[PDB]
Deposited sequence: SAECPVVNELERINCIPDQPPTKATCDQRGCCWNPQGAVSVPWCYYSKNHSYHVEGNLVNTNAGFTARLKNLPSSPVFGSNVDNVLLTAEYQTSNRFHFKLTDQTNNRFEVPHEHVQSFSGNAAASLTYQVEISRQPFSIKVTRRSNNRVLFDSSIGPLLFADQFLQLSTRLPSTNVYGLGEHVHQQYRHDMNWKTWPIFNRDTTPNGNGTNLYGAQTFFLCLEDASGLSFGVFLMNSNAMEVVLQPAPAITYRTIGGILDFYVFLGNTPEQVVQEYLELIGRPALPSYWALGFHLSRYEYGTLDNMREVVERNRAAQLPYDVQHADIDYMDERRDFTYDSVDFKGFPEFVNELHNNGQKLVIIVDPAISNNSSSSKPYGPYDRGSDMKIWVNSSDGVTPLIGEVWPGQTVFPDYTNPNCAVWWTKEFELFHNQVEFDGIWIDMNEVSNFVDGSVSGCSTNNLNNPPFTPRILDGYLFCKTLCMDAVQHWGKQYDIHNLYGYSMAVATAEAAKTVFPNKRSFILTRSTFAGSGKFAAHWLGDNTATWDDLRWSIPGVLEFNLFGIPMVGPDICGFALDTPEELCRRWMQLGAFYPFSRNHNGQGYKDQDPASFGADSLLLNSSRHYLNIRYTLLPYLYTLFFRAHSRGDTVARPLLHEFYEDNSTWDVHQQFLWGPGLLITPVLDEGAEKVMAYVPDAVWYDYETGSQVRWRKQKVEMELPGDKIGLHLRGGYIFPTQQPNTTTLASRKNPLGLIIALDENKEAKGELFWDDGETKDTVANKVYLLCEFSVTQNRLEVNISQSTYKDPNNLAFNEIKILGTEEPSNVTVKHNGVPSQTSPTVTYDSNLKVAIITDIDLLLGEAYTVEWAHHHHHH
């Protein structure tokens, strides 16, 4: 056994030979740091009993436990392997107890399969019987992708483990964590996963959400695969330099999907086809959002709103945090400090802005005839709370308002209660979207106001390395009871079920509209319902750097609308850090400046009406808003096809191994390269320039750099932004709200490749109606340039914007002087455009044109 391939047999304590001998493992304390001293022998585990059986979907096998000493308790003697060839690119296998039903995740999107095995498989499955292992190989090159033979299968009631070899160390994903780097290096590292309210800091703890998906780029050809584990129990994932990854969970079943693609993007697409593609956002949610914990008063909030509006900051959304509430209780507002809240909502709406309100799941249980508290009274009438282990008494915990009960969102009746609370509240305060927080669920006491009984749920045989080392820390008792089952099994599904219920509420409160839901806690598939933010970060340079991998990973997880608290939630933000963070933050798919209680103001205009920070923030937000049609089209592709929005360089440039590690730059889709300064004091950044033609976004000048590391000069007022040759970017003149910007003239930026060609597309619908894609009420058009000619082609034509929108400007980068520009509509001229040319920069701008959105055109020129 190569020591890199040793699978640790003593995950639970300091290794000893006595424990090693008792567990029947191998002892060799002579390795390098972190190399396990005690590791599994070659026949710990299961063997296939008798023959495999073909089924319509695939095959089954019966696995029988080989005699072994019971470490983490009640072992499963007879295991059933069920394998389904679900599609040419997706394999599913699950290991269950042949004799007993066990907890299975009741996912809202994924359904059971009742097909026949797919034809033309891109993969092959090999089963070894003595001992059991499962291998999945890529058919084209026989690359072993999944191979459990490196380790045993362990399957006890509260301890399940399976390992797989990996074909490379280009491994991305898992969550929710602060990984600091984007590529997992595969050095010995254990990542615990158990939804927890905790600071995203440098400690690598489990955080708010649970995401078991990873993607592996196999080699420079782009061939990639992914693995998803459908299990909601506390678990950890162990990475080691074999390379290999081990999943170790403390309940449920091992239900695995393996996805193959020809590129990293195809793997994400296959994963999202399974778990659910992300919602198309309201176009206004793409704008800039501003927020803080504790304005304290409506007057204070108004003062902030007003100075940022006075500054002409692009600024669509204002969030109201728990300070709007009457004593931090949901579905109230403070009639003194927030007196006149409804009037302020009208002011926002009149200014073309939106209000997003925070709503917490925990509900104050303080109600009497003297002073009733409606949401509690109504929820109690409907009996929709999470109960204690007795199965009948609502569990009492403590959150913002004091003592609280917790809604059981797994109960469909709970969604009815919740919907009605929102309806009642929306009648008083006409908010536009909902920010659901503290939904891990977060509890200010451990378990309940009376703690947690000692039993195998609260105190299991094995505890993964979750923060604080007890499952019930800062959450509910594990033996609490909900419709879908015990908190031990469904804890990781709380925020997911809450997002589903809040989407259901939206159906009534915002009829036929998308609205906007922002959630803290997530499970696989949450992006179908909600955006995410990366939680309670801190105003440090490390937190700035750590945000980009967090954004990229959530795009892999199908939650493309993701971002951190720009400038940092905890602590007073230094001007220089906030200026850099706003520059980068103009390019997060979810762009929100948010701040914790009591800290110095960090809203952009608070730095001074003529400050470098405000000027730079306005500048780059104006660029963001200019590219909103491009961004919105990226979201359309994420929703319809499963593409990422914020995208690693390697997804586009996988042929170039210099991109495999890059985590300080990222792309919007295929075409826009973002290069922030991320180091204190720096007016430069060490940047990678991929193998493409690149143009400076502002000047349009072609950079000399190609496929090389560069020192990019970025003074205090700059972030790197370059456009990829071969791409056409739709734009729209910016305004301070998207309500207004959407009415503005459109533009095209055509970034020519080495062959003087480029292609692009534009999706356009009404920006807010639900089912616009499903019901085919949209415009989709395609742009292509191949010399001397731009074609605008209409592929879907079932929405016509009433605002007379047209492309009134075409900017061509990397071109020789165009002459005789002519515009044809369905073959007919047209009215001579104006052409301006910069021969030093090789940039042409065509103006005095009017190409109506949704009409086909050819624009031709000579040289």
Completion exercise
The answer, as deposited-sequence ranges with no C-alpha, is 1-6, 837, 871-875
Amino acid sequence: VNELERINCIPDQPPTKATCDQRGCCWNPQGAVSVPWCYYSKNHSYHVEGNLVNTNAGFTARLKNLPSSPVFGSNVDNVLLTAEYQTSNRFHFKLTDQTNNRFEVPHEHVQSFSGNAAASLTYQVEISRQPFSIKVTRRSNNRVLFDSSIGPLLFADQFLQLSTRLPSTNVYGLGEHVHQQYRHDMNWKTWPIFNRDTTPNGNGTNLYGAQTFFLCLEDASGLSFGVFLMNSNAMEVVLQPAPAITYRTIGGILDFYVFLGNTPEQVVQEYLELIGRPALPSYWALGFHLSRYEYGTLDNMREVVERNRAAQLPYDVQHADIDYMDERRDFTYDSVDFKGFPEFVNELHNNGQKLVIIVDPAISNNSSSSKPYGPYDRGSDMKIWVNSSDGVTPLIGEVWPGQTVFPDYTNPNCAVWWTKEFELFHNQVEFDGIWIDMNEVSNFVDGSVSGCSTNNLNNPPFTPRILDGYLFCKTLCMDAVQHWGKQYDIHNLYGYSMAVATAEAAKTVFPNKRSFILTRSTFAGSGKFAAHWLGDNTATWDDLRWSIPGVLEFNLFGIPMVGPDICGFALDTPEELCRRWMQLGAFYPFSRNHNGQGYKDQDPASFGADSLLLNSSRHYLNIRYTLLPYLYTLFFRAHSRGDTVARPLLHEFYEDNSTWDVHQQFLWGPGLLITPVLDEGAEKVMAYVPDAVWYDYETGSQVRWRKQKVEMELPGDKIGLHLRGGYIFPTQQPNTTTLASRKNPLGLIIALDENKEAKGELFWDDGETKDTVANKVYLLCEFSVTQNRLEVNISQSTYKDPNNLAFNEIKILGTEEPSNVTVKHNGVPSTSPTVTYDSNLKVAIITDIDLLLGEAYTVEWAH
From here on, numbers count along this sequence of modelled residues.
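Rigid core (definition): largest C-alpha set, two forms, superposition within 1.5 Å.
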Completion exercise
Returned stretch for higher CA RMS in 8 other deposited structures of this protein, core superposition, given 183-191 and 89-97, is 183-191
Problem - Which of 609-617 and 556-564 has higher mean CA B factor, as the PDB entry lists it - result: 609-617
Handout entry: Selected stretch [higher average CA B-factor]: 661-669 or 421-429
Key = 421-429
Completion exercise
Per the deposited entry, the peak Cα B-factor within the set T626, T772, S591, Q269 goes to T772
Fill in the blank from the handout: Based on the PDB entry, the highest CA temperature factor among the options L286, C452, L207, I127 is that of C452
Practice task
Going by the recorded CA B-factors, say which third of the chain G760 sits in, lowest, middle or highest.
Solution key: lowest
Completion exercise
Among the modelled residues of its chain, the C-alpha B-factor of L457 falls in the third labelled middle
Completion exercise
Entry-reported C-alpha B-factor of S741 relative to its chain, by third, is middle
Exercise for the section: Could you look up the Cα B-factor of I7 in the entry and say which third of the chain it sits in: lowest, middle or highest? Expected result: lowest
Handout entry: Record-listed C-alpha B factor of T169: chain third
Key = middle
